[PDB]
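Given next, in structure tokens, is a single chain: the form deposited in one PDB entry.
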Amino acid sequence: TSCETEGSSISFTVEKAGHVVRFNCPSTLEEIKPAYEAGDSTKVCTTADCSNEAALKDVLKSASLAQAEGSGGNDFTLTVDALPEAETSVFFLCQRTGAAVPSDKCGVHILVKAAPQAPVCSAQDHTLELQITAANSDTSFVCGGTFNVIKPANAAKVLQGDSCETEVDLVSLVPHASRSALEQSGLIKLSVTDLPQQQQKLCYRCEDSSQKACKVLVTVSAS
């Protein structure tokens, strides 16, 4: 997390809206580049050697960088409130006060992933309703914000609607259906092949660490 190697770099990836990157410019390499400004004025490098720079809001429209005193040095926090429509990269250097990554500096590369194109379940006791209406099709959502845990945690398991309390095997309600693994992005895809004989409801909860849940209720049409 600290940029300790001159001529090399440390890298981070931002996977979810509202995630934070923390990094440190250590004592010898105090001093971040571009020169640190707060809020609207913050700049980032757009190449690893800071040959090019841009204002942060012109590269990531809803993000902020904070700075605080530091091992040793200065501690930085990059918050990305909304993910960009396309994946992109920002860069910084940690350099001496004053002052291929440059041989006398350490580089910080932050890769920011593109926003998933799916609705987000991020609100307590809210229900996001989705539908599967065709064979051989899928529907997606995101467990967002502070509600970053999926239940059921096992992708083979699903909860019954509408209470979303009884856990059962997914394929007991919709034979041959599958749920993808929870992305770092919080994205989930539910896939069906054949539609079921009778209409089904598949419920998932996006939960926080208090087990407050945002409910995602999928109605699956009968064949």
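Quick note: we count residues from 1 along the sequence shown, nothing fancier.
The protein also exists as the form deposited in another entry; that form is not presented, and the subsequent description refers to it.
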### Message
One rigid part rotates against the other between the shown form and the other one; tell me which of 79, 145, 182, 117 lies at the hinge.
### Response
117
#### Entry: CA-CA separation of residue 138 and residue 115, closer or farther in that other deposited form than in the form shown [shift of 3 angstroms or more]
closer
### Task
Relative to what we see here, could you say if residue 16 and residue 138 have their Cα atoms closer or farther apart in that other deposited form, with a change of 3 Å or more?
closer
